[PDB]
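A.B. asks: Below you'll find model.pdb; it's PDB, C-alpha atoms and all ligand atoms.
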```pdb
ATOM      1  CA  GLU A   1     -12.332   1.884  -8.654  1.00  0.00           C
ATOM      2  CA  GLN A   2      -8.767   3.120  -8.165  1.00  0.00           C
ATOM      3  CA  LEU A   3      -9.099   6.575  -6.648  1.00  0.00           C
ATOM      4  CA  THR A   4      -6.557   9.415  -6.779  1.00  0.00           C
ATOM      5  CA  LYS A   5      -5.134  11.053  -3.674  1.00  0.00           C
ATOM      6  CA  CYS A   6      -7.342  14.095  -4.158  1.00  0.00           C
ATOM      7  CA  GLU A   7     -10.555  12.177  -4.771  1.00  0.00           C
ATOM      8  CA  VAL A   8      -9.879  10.173  -1.590  1.00  0.00           C
ATOM      9  CA  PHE A   9      -9.182  13.447   0.229  1.00  0.00           C
ATOM     10  CA  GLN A  10     -12.651  14.757  -0.743  1.00  0.00           C
ATOM     11  CA  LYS A  11     -14.430  11.495   0.052  1.00  0.00           C
ATOM     12  CA  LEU A  12     -12.901  10.988   3.540  1.00  0.00           C
ATOM     13  CA  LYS A  13     -13.958  14.448   4.697  1.00  0.00           C
ATOM     14  CA  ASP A  14     -16.385  13.087   7.281  1.00  0.00           C
ATOM     15  CA  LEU A  15     -13.559  11.266   9.044  1.00  0.00           C
ATOM     16  CA  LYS A  16     -11.640  14.506   9.530  1.00  0.00           C
ATOM     17  CA  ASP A  17     -10.319  14.788  13.097  1.00  0.00           C
ATOM     18  CA  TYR A  18     -12.389  11.884  14.225  1.00  0.00           C
ATOM     19  CA  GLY A  19     -10.704  10.466  17.322  1.00  0.00           C
ATOM     20  CA  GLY A  20      -8.076  13.145  16.890  1.00  0.00           C
ATOM     21  CA  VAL A  21      -6.801  11.684  13.578  1.00  0.00           C
ATOM     22  CA  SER A  22      -6.457  14.360  10.952  1.00  0.00           C
ATOM     23  CA  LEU A  23      -7.634  14.099   7.383  1.00  0.00           C
ATOM     24  CA  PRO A  24      -4.030  13.977   6.002  1.00  0.00           C
ATOM     25  CA  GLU A  25      -3.335  11.079   8.349  1.00  0.00           C
ATOM     26  CA  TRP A  26      -6.472   9.322   7.014  1.00  0.00           C
ATOM     27  CA  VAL A  27      -5.372   9.625   3.338  1.00  0.00           C
ATOM     28  CA  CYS A  28      -1.934   8.322   4.313  1.00  0.00           C
ATOM     29  CA  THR A  29      -3.473   5.287   6.071  1.00  0.00           C
ATOM     30  CA  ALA A  30      -5.516   4.665   2.960  1.00  0.00           C
ATOM     31  CA  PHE A  31      -2.423   4.770   0.716  1.00  0.00           C
ATOM     32  CA  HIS A  32      -0.523   2.283   2.794  1.00  0.00           C
ATOM     33  CA  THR A  33      -3.537   0.057   3.229  1.00  0.00           C
ATOM     34  CA  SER A  34      -5.062  -0.514  -0.234  1.00  0.00           C
ATOM     35  CA  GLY A  35      -3.400   2.114  -2.388  1.00  0.00           C
ATOM     36  CA  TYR A  36      -6.741   4.018  -2.762  1.00  0.00           C
ATOM     37  CA  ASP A  37      -8.482   0.987  -4.290  1.00  0.00           C
ATOM     38  CA  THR A  38     -12.122   0.726  -3.185  1.00  0.00           C
ATOM     39  CA  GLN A  39     -12.322  -2.814  -4.461  1.00  0.00           C
ATOM     40  CA  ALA A  40      -9.141  -4.255  -3.016  1.00  0.00           C
ATOM     41  CA  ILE A  41      -9.522  -7.809  -1.663  1.00  0.00           C
ATOM     42  CA  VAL A  42      -6.662  -9.519   0.165  1.00  0.00           C
ATOM     43  CA  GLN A  43      -6.788 -13.089   1.453  1.00  0.00           C
ATOM     44  CA  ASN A  44      -4.987 -14.907   4.231  1.00  0.00           C
ATOM     45  CA  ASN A  45      -5.146 -18.528   5.262  1.00  0.00           C
ATOM     46  CA  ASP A  46      -7.572 -17.440   8.002  1.00  0.00           C
ATOM     47  CA  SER A  47      -9.407 -14.302   6.771  1.00  0.00           C
ATOM     48  CA  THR A  48     -10.155 -11.875   3.951  1.00  0.00           C
ATOM     49  CA  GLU A  49      -9.986  -8.063   4.091  1.00  0.00           C
ATOM     50  CA  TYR A  50     -12.131  -5.691   2.145  1.00  0.00           C
ATOM     51  CA  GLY A  51     -11.967  -2.474   0.278  1.00  0.00           C
ATOM     52  CA  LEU A  52     -10.132   0.759   0.911  1.00  0.00           C
ATOM     53  CA  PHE A  53      -9.901   0.171   4.695  1.00  0.00           C
ATOM     54  CA  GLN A  54      -9.153  -3.524   4.438  1.00  0.00           C
ATOM     55  CA  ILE A  55     -11.925  -4.536   6.847  1.00  0.00           C
ATOM     56  CA  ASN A  56     -11.654  -8.206   7.931  1.00  0.00           C
ATOM     57  CA  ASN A  57     -14.342 -10.946   8.007  1.00  0.00           C
ATOM     58  CA  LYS A  58     -13.411 -12.479  11.340  1.00  0.00           C
ATOM     59  CA  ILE A  59     -14.435  -9.602  13.580  1.00  0.00           C
ATOM     60  CA  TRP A  60     -15.922  -6.747  11.535  1.00  0.00           C
ATOM     61  CA  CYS A  61     -18.216  -7.831   8.680  1.00  0.00           C
ATOM     62  CA  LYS A  62     -20.029 -11.050   7.671  1.00  0.00           C
ATOM     63  CA  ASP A  63     -18.828 -13.357   4.866  1.00  0.00           C
ATOM     64  CA  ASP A  64     -19.899 -16.676   3.289  1.00  0.00           C
ATOM     65  CA  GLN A  65     -16.358 -17.755   4.007  1.00  0.00           C
ATOM     66  CA  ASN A  66     -17.114 -17.048   7.631  1.00  0.00           C
ATOM     67  CA  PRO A  67     -20.742 -16.737   8.794  1.00  0.00           C
ATOM     68  CA  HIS A  68     -19.567 -17.091  12.382  1.00  0.00           C
ATOM     69  CA  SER A  69     -17.985 -13.622  12.301  1.00  0.00           C
ATOM     70  CA  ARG A  70     -18.501 -11.437  15.408  1.00  0.00           C
ATOM     71  CA  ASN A  71     -19.762  -8.897  12.861  1.00  0.00           C
ATOM     72  CA  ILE A  72     -19.351  -5.768  14.957  1.00  0.00           C
ATOM     73  CA  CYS A  73     -20.080  -3.522  11.980  1.00  0.00           C
ATOM     74  CA  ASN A  74     -23.227  -5.582  11.389  1.00  0.00           C
ATOM     75  CA  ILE A  75     -22.775  -5.681   7.614  1.00  0.00           C
ATOM     76  CA  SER A  76     -21.865  -8.013   4.761  1.00  0.00           C
ATOM     77  CA  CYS A  77     -18.269  -7.581   3.686  1.00  0.00           C
ATOM     78  CA  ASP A  78     -19.147  -6.878   0.061  1.00  0.00           C
ATOM     79  CA  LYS A  79     -20.680  -3.549   0.985  1.00  0.00           C
ATOM     80  CA  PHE A  80     -17.041  -2.485   1.266  1.00  0.00           C
ATOM     81  CA  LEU A  81     -16.339  -3.189  -2.414  1.00  0.00           C
ATOM     82  CA  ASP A  82     -18.455  -0.560  -4.059  1.00  0.00           C
ATOM     83  CA  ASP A  83     -17.923   3.145  -4.755  1.00  0.00           C
ATOM     84  CA  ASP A  84     -20.062   4.419  -1.886  1.00  0.00           C
ATOM     85  CA  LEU A  85     -17.747   5.012   1.089  1.00  0.00           C
ATOM     86  CA  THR A  86     -20.491   5.921   3.544  1.00  0.00           C
ATOM     87  CA  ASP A  87     -20.725   2.495   5.169  1.00  0.00           C
ATOM     88  CA  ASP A  88     -16.927   1.989   4.971  1.00  0.00           C
ATOM     89  CA  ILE A  89     -16.412   5.149   7.031  1.00  0.00           C
ATOM     90  CA  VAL A  90     -18.950   4.127   9.651  1.00  0.00           C
ATOM     91  CA  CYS A  91     -17.111   0.840  10.134  1.00  0.00           C
ATOM     92  CA  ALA A  92     -13.694   2.558  10.116  1.00  0.00           C
ATOM     93  CA  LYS A  93     -14.723   4.667  13.154  1.00  0.00           C
ATOM     94  CA  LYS A  94     -15.615   1.639  15.282  1.00  0.00           C
ATOM     95  CA  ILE A  95     -12.289   0.001  14.446  1.00  0.00           C
ATOM     96  CA  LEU A  96     -10.568   3.190  15.587  1.00  0.00           C
ATOM     97  CA  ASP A  97     -12.523   3.328  18.905  1.00  0.00           C
ATOM     98  CA  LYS A  98     -12.145  -0.387  19.522  1.00  0.00           C
ATOM     99  CA  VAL A  99      -8.569  -1.127  18.412  1.00  0.00           C
ATOM    100  CA  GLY A 100      -6.901   2.099  17.396  1.00  0.00           C
ATOM    101  CA  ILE A 101      -4.918   3.272  14.393  1.00  0.00           C
ATOM    102  CA  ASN A 102      -2.637   0.185  14.654  1.00  0.00           C
ATOM    103  CA  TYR A 103      -5.369  -1.912  13.046  1.00  0.00           C
ATOM    104  CA  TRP A 104      -3.963  -0.365   9.873  1.00  0.00           C
ATOM    105  CA  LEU A 105      -0.486   0.961  10.840  1.00  0.00           C
ATOM    106  CA  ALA A 106       2.131  -1.475  12.232  1.00  0.00           C
ATOM    107  CA  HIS A 107       3.981   1.618  13.498  1.00  0.00           C
ATOM    108  CA  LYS A 108       2.159   4.969  13.852  1.00  0.00           C
ATOM    109  CA  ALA A 109       5.204   7.044  12.820  1.00  0.00           C
ATOM    110  CA  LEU A 110       4.542   5.650   9.335  1.00  0.00           C
ATOM    111  CA  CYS A 111       1.875   8.354   9.023  1.00  0.00           C
ATOM    112  CA  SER A 112       3.106  11.111  11.306  1.00  0.00           C
ATOM    113  CA  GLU A 113       6.003  12.723   9.514  1.00  0.00           C
ATOM    114  CA  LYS A 114       5.626  15.297   6.744  1.00  0.00           C
ATOM    115  CA  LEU A 115       1.850  15.004   6.885  1.00  0.00           C
ATOM    116  CA  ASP A 116       1.349  17.994   4.590  1.00  0.00           C
ATOM    117  CA  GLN A 117       2.351  15.795   1.596  1.00  0.00           C
ATOM    118  CA  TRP A 118      -1.059  14.135   1.988  1.00  0.00           C
ATOM    119  CA  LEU A 119      -2.827  17.479   1.530  1.00  0.00           C
ATOM    120  CA  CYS A 120      -4.835  17.957  -1.607  1.00  0.00           C
TER     121      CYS A 120
ATOM    122  CA  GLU B   1       0.232   6.077 -13.887  1.00  0.00           C
ATOM    123  CA  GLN B   2      -1.697   3.779 -11.560  1.00  0.00           C
ATOM    124  CA  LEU B   3      -1.295   0.379 -13.133  1.00  0.00           C
ATOM    125  CA  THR B   4      -3.637  -2.547 -12.462  1.00  0.00           C
ATOM    126  CA  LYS B   5      -2.737  -5.932 -11.043  1.00  0.00           C
ATOM    127  CA  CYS B   6      -2.469  -7.388 -14.549  1.00  0.00           C
ATOM    128  CA  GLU B   7      -0.425  -4.486 -15.956  1.00  0.00           C
ATOM    129  CA  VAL B   8       2.168  -4.874 -13.196  1.00  0.00           C
ATOM    130  CA  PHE B   9       2.149  -8.676 -13.725  1.00  0.00           C
ATOM    131  CA  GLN B  10       3.308  -8.206 -17.336  1.00  0.00           C
ATOM    132  CA  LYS B  11       5.723  -5.343 -16.588  1.00  0.00           C
ATOM    133  CA  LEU B  12       7.765  -7.133 -13.923  1.00  0.00           C
ATOM    134  CA  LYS B  13       8.161 -10.331 -15.971  1.00  0.00           C
ATOM    135  CA  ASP B  14      11.887  -9.606 -16.036  1.00  0.00           C
ATOM    136  CA  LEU B  15      11.978 -10.383 -12.326  1.00  0.00           C
ATOM    137  CA  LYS B  16      10.319 -13.811 -12.320  1.00  0.00           C
ATOM    138  CA  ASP B  17      12.275 -16.080  -9.899  1.00  0.00           C
ATOM    139  CA  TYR B  18      15.113 -13.628  -9.391  1.00  0.00           C
ATOM    140  CA  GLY B  19      16.630 -14.356  -6.005  1.00  0.00           C
ATOM    141  CA  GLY B  20      13.982 -17.077  -5.688  1.00  0.00           C
ATOM    142  CA  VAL B  21      11.108 -14.590  -5.624  1.00  0.00           C
ATOM    143  CA  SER B  22       8.195 -15.757  -7.737  1.00  0.00           C
ATOM    144  CA  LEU B  23       6.251 -13.369  -9.907  1.00  0.00           C
ATOM    145  CA  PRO B  24       3.092 -13.375  -7.719  1.00  0.00           C
ATOM    146  CA  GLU B  25       5.377 -12.466  -4.821  1.00  0.00           C
ATOM    147  CA  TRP B  26       6.626  -9.355  -6.677  1.00  0.00           C
ATOM    148  CA  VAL B  27       3.036  -8.225  -7.525  1.00  0.00           C
ATOM    149  CA  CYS B  28       2.145  -8.677  -3.855  1.00  0.00           C
ATOM    150  CA  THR B  29       5.201  -6.647  -2.877  1.00  0.00           C
ATOM    151  CA  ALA B  30       4.317  -3.835  -5.307  1.00  0.00           C
ATOM    152  CA  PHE B  31       0.739  -3.689  -3.994  1.00  0.00           C
ATOM    153  CA  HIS B  32       1.906  -3.286  -0.444  1.00  0.00           C
ATOM    154  CA  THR B  33       4.696  -0.797  -1.335  1.00  0.00           C
ATOM    155  CA  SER B  34       3.145   1.646  -3.765  1.00  0.00           C
ATOM    156  CA  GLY B  35      -0.354   0.359  -4.530  1.00  0.00           C
ATOM    157  CA  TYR B  36       0.825  -0.109  -8.168  1.00  0.00           C
ATOM    158  CA  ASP B  37       1.516   3.625  -8.722  1.00  0.00           C
ATOM    159  CA  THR B  38       4.676   4.382 -10.752  1.00  0.00           C
ATOM    160  CA  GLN B  39       4.686   7.987  -9.580  1.00  0.00           C
ATOM    161  CA  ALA B  40       4.368   7.497  -5.829  1.00  0.00           C
ATOM    162  CA  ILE B  41       6.818   9.607  -3.804  1.00  0.00           C
ATOM    163  CA  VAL B  42       6.708   9.313  -0.021  1.00  0.00           C
ATOM    164  CA  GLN B  43       8.619  11.565   2.382  1.00  0.00           C
ATOM    165  CA  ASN B  44      10.160  10.985   5.773  1.00  0.00           C
ATOM    166  CA  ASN B  45      12.188  13.433   7.802  1.00  0.00           C
ATOM    167  CA  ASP B  46      15.295  11.506   6.653  1.00  0.00           C
ATOM    168  CA  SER B  47      14.629  10.770   2.982  1.00  0.00           C
ATOM    169  CA  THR B  48      12.235  10.454   0.057  1.00  0.00           C
ATOM    170  CA  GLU B  49      11.180   7.173  -1.586  1.00  0.00           C
ATOM    171  CA  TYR B  50      10.330   6.963  -5.290  1.00  0.00           C
ATOM    172  CA  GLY B  51       8.077   4.989  -7.601  1.00  0.00           C
ATOM    173  CA  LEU B  52       6.729   1.435  -7.649  1.00  0.00           C
ATOM    174  CA  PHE B  53       9.575   0.035  -5.522  1.00  0.00           C
ATOM    175  CA  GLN B  54       9.789   3.080  -3.255  1.00  0.00           C
ATOM    176  CA  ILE B  55      13.528   3.415  -3.773  1.00  0.00           C
ATOM    177  CA  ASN B  56      15.181   5.798  -1.294  1.00  0.00           C
ATOM    178  CA  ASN B  57      17.443   8.843  -1.970  1.00  0.00           C
ATOM    179  CA  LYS B  58      19.638   8.073   0.988  1.00  0.00           C
ATOM    180  CA  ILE B  59      21.384   4.921  -0.260  1.00  0.00           C
ATOM    181  CA  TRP B  60      20.115   4.002  -3.735  1.00  0.00           C
ATOM    182  CA  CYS B  61      19.523   6.976  -5.962  1.00  0.00           C
ATOM    183  CA  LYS B  62      20.496  10.637  -5.920  1.00  0.00           C
ATOM    184  CA  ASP B  63      18.372  13.814  -5.994  1.00  0.00           C
ATOM    185  CA  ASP B  64      18.437  17.570  -5.254  1.00  0.00           C
ATOM    186  CA  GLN B  65      17.386  16.916  -1.653  1.00  0.00           C
ATOM    187  CA  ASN B  66      20.314  14.705  -0.712  1.00  0.00           C
ATOM    188  CA  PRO B  67      23.606  14.783  -2.692  1.00  0.00           C
ATOM    189  CA  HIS B  68      25.434  12.771  -0.010  1.00  0.00           C
ATOM    190  CA  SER B  69      23.531   9.696  -1.186  1.00  0.00           C
ATOM    191  CA  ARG B  70      25.694   6.565  -1.472  1.00  0.00           C
ATOM    192  CA  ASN B  71      23.882   6.291  -4.804  1.00  0.00           C
ATOM    193  CA  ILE B  72      24.435   2.500  -5.072  1.00  0.00           C
ATOM    194  CA  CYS B  73      22.183   2.370  -8.160  1.00  0.00           C
ATOM    195  CA  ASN B  74      24.156   5.188  -9.759  1.00  0.00           C
ATOM    196  CA  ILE B  75      21.113   7.098 -10.965  1.00  0.00           C
ATOM    197  CA  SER B  76      18.732  10.058 -10.486  1.00  0.00           C
ATOM    198  CA  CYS B  77      15.723   9.259  -8.379  1.00  0.00           C
ATOM    199  CA  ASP B  78      13.433  10.876 -10.964  1.00  0.00           C
ATOM    200  CA  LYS B  79      14.071   8.053 -13.433  1.00  0.00           C
ATOM    201  CA  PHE B  80      12.076   6.005 -11.002  1.00  0.00           C
ATOM    202  CA  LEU B  81       9.061   8.274 -11.639  1.00  0.00           C
ATOM    203  CA  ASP B  82       8.071   7.487 -15.222  1.00  0.00           C
ATOM    204  CA  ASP B  83       6.247   4.699 -17.015  1.00  0.00           C
ATOM    205  CA  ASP B  84       9.337   2.786 -18.161  1.00  0.00           C
ATOM    206  CA  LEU B  85      10.149   0.188 -15.490  1.00  0.00           C
ATOM    207  CA  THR B  86      13.374  -1.086 -16.985  1.00  0.00           C
ATOM    208  CA  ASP B  87      15.718   0.967 -14.827  1.00  0.00           C
ATOM    209  CA  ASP B  88      13.557   0.518 -11.690  1.00  0.00           C
ATOM    210  CA  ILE B  89      13.954  -3.228 -12.083  1.00  0.00           C
ATOM    211  CA  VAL B  90      17.724  -3.135 -12.457  1.00  0.00           C
ATOM    212  CA  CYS B  91      17.859  -1.144  -9.247  1.00  0.00           C
ATOM    213  CA  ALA B  92      15.338  -3.455  -7.562  1.00  0.00           C
ATOM    214  CA  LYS B  93      17.662  -6.373  -8.312  1.00  0.00           C
ATOM    215  CA  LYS B  94      20.538  -4.647  -6.521  1.00  0.00           C
ATOM    216  CA  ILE B  95      18.401  -3.998  -3.436  1.00  0.00           C
ATOM    217  CA  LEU B  96      17.378  -7.652  -3.415  1.00  0.00           C
ATOM    218  CA  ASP B  97      21.058  -8.763  -3.652  1.00  0.00           C
ATOM    219  CA  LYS B  98      22.130  -6.400  -0.895  1.00  0.00           C
ATOM    220  CA  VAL B  99      19.333  -6.202   1.663  1.00  0.00           C
ATOM    221  CA  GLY B 100      16.776  -8.787   0.564  1.00  0.00           C
ATOM    222  CA  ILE B 101      12.978  -8.708   0.353  1.00  0.00           C
ATOM    223  CA  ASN B 102      13.023  -7.112   3.813  1.00  0.00           C
ATOM    224  CA  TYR B 103      13.632  -3.783   2.146  1.00  0.00           C
ATOM    225  CA  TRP B 104       9.945  -3.979   1.290  1.00  0.00           C
ATOM    226  CA  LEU B 105       8.520  -6.587   3.655  1.00  0.00           C
ATOM    227  CA  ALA B 106       8.734  -6.444   7.469  1.00  0.00           C
ATOM    228  CA  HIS B 107       7.652 -10.046   7.434  1.00  0.00           C
ATOM    229  CA  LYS B 108       7.869 -12.272   4.322  1.00  0.00           C
ATOM    230  CA  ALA B 109       4.731 -14.092   5.541  1.00  0.00           C
ATOM    231  CA  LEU B 110       2.862 -11.035   4.337  1.00  0.00           C
ATOM    232  CA  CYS B 111       3.419 -12.230   0.807  1.00  0.00           C
ATOM    233  CA  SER B 112       3.389 -16.032   1.072  1.00  0.00           C
ATOM    234  CA  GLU B 113      -0.299 -16.851   1.746  1.00  0.00           C
ATOM    235  CA  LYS B 114      -2.678 -17.484  -1.145  1.00  0.00           C
ATOM    236  CA  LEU B 115      -0.094 -16.422  -3.762  1.00  0.00           C
ATOM    237  CA  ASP B 116      -2.531 -17.426  -6.477  1.00  0.00           C
ATOM    238  CA  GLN B 117      -4.521 -14.225  -5.713  1.00  0.00           C
ATOM    239  CA  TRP B 118      -1.701 -12.179  -7.179  1.00  0.00           C
ATOM    240  CA  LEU B 119      -1.843 -14.188 -10.417  1.00  0.00           C
ATOM    241  CA  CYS B 120      -3.319 -12.694 -13.557  1.00  0.00           C
TER     242      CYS B 120
HETATM  243 CA    CA C 201     -19.310   0.859   0.551  1.00  0.00          CA
HETATM  244 CA    CA C 202      11.804   4.237 -14.883  1.00  0.00          CA
END
```
What does this structure look like when you write it as structure tokens?
C.D. replies:
Amino acid sequence: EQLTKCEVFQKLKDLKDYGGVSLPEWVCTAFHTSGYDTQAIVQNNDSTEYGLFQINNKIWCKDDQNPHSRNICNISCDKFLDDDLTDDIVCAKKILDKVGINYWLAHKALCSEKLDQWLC
Amino acid sequence: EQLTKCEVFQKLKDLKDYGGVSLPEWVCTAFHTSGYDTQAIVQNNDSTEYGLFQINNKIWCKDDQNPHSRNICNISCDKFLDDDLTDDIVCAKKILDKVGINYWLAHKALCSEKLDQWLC
């Protein structure tokens, strides 16, 4: 389901200020990551990334493509392709605590200027 | 509107192989740039970027915010905010001639793996 900025804003409420990352910075990260598409799947030679947060199957969730995943989020990757963001959010917090915002942003400044434009 | 993978595939047909860039490579580029949204507008402290190709008002188009724009594409940035992609494409060709795919991609590798995933 392709979500709108405002719908995403509502749905990511429980991530607000988590780790010190504001809600507007979360919606921005989501835009640049999957364009608000809960079912986005992107493949690489090596891995595959799932849903809105583009969670990979080599470290975070378990795939048929890769059963030998470290599976930190202890979940099957396809749980990140539905409309329920609950489990996506739980996994997104570990990624933040383990690797930081750069998992998603190549440069942080990408989501630090004019943050009020992400406000719904 | 927020177009789907297949809608964008048909709409950018005009660009197939231009500068050597295959069609699946353009769809990949659009995904990563605007998430397929023709009305995306993103602001920086320095400039604003419009539409599908996130064309900036500092060098390519002109708007109320910055009149000192070099305006290489000789056009108003708001023409890059509707559902007709004809003029966006003509301007995207100029950017490709001048700066290359690196206007959109930090690393071309980003859009060279599993190109068949971007096929409709
Ligand atoms: Ca889910
Ligand atoms: Ca247009």
A.B. asks: For ligand CA 202 (chain C), return the neighbouring residues as an mmCIF file with C-alpha atoms, in the frame of the given file (distance at most 10 Å; only C-alpha atoms and all ligand atoms).
C.D. replies:
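The result, stored in out11.cif:
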```cif
data_model
loop_
_atom_site.group_PDB
_atom_site.id
_atom_site.type_symbol
_atom_site.label_atom_id
_atom_site.label_comp_id
_atom_site.auth_asym_id
_atom_site.auth_seq_id
_atom_site.Cartn_x
_atom_site.Cartn_y
_atom_site.Cartn_z
ATOM 1 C CA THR B 38 4.676 4.382 -10.752
ATOM 2 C CA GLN B 39 4.686 7.987 -9.580
ATOM 3 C CA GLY B 51 8.077 4.989 -7.601
ATOM 4 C CA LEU B 52 6.729 1.435 -7.649
ATOM 5 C CA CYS B 77 15.723 9.259 -8.379
ATOM 6 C CA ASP B 78 13.433 10.876 -10.964
ATOM 7 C CA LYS B 79 14.071 8.053 -13.433
ATOM 8 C CA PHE B 80 12.076 6.005 -11.002
ATOM 9 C CA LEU B 81 9.061 8.274 -11.639
ATOM 10 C CA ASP B 82 8.071 7.487 -15.222
ATOM 11 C CA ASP B 83 6.247 4.699 -17.015
ATOM 12 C CA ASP B 84 9.337 2.786 -18.161
ATOM 13 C CA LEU B 85 10.149 0.188 -15.490
ATOM 14 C CA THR B 86 13.374 -1.086 -16.985
ATOM 15 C CA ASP B 87 15.718 0.967 -14.827
ATOM 16 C CA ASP B 88 13.557 0.518 -11.690
ATOM 17 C CA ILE B 89 13.954 -3.228 -12.083
ATOM 18 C CA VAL B 90 17.724 -3.135 -12.457
ATOM 19 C CA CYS B 91 17.859 -1.144 -9.247
#
```
A.B. asks: Please, what distance in Å, to one decimal, runs between CA of residue 31 in chain B and CA of residue 23 in chain A?
C.D. replies: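 Spanning CA of residue 31 in chain B to CA of residue 23 in chain A is a straight-line distance of 22.7 Å.
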A.B. asks: Would you pick out the contacts of residue 115 in chain A at 12 Å or less, using only C-alpha atoms, so that residues sharing its chain but fewer than 5 positions from it are not included, and give the list as a list in words?
C.D. replies: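 Once the adjacent positions are removed, what remains is residues 21, 22, 23, 24, 25, 26, 27, 28, 29, 109, 110 and 120 of chain A; 42, 43, 44 and 45 of chain B.
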A.B. asks: I'd like to see the residues matched by the PyMOL selection byres (((chain A and resi 60-62) around 7) and not hetatm) on this file, and ideally I'd get them as a list in words.
C.D. replies: residues 55, 56, 57, 58, 59, 63, 66, 67, 69, 70, 71, 72, 73, 74, 75, 76 and 77 of chain A
A.B. asks: For range 92-101 of chain B, list every protein, DNA or RNA residue within 8 Å, evaluated using only C-alpha atoms, and leave out those in the same chain fewer than 4 positions away; present the list as a PyMOL selection string.
C.D. replies: chain B and resi 18-19+53+73+88+105+108
A.B. asks: Between CA of residue 65 in chain B and CA of residue 36 in chain B, measure the distance and give it in Å to one decimal.
C.D. replies: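 It comes out at 24.6 Å.
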A.B. asks: Distance CA of residue 117 in chain B-CA of residue 6 in chain B, one decimal place?
C.D. replies: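 CA of residue 6 in chain B lies at a distance of 11.4 Å from CA of residue 117 in chain B.
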A.B. asks: Just need the box for range 22-36 of chain A, edges along x, y and z, holding every atom the file lists for it with 3 Å tacked onto each side, so centre and edge lengths in Å to one decimal, as AutoDock Vina command-line options.
C.D. replies:
```
--center_x -4.1 --center_y 6.9 --center_z 4.1 --size_x 13.1 --size_y 20.9 --size_z 19.7
```
A.B. asks: Name the closest residue to ligand CA 201 (chain C) among the candidates A:20, A:33, A:50, A:8; distances are taken between atoms, counting only C-alpha atoms and all ligand atoms.
C.D. replies: A:50
A.B. asks: For residue 48 in chain B, which of A:113, A:104, A:10, A:35 is the closest residue, counting only C-alpha atoms?
C.D. replies: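 Once distances to residue 48 in chain B are computed over only C-alpha atoms, the minimum belongs to A:113.
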A.B. asks: Here is a test: counting all atoms listed in the file, which residue of A:54, A:2, A:17, A:64 is nearest to chain B?
C.D. replies: A:2
A.B. asks: Identify which of the residues B:68, B:1, B:103, B:7 lies closest to chain A, counting all atoms listed in the file when measuring atom-to-atom distances.
C.D. replies: B:1
A.B. asks: Which residue gives the smallest distance to chain B among A:32, A:47, A:116, A:12, with all atoms listed in the file counted?
C.D. replies: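 Smallest distance to chain B is found for A:32.
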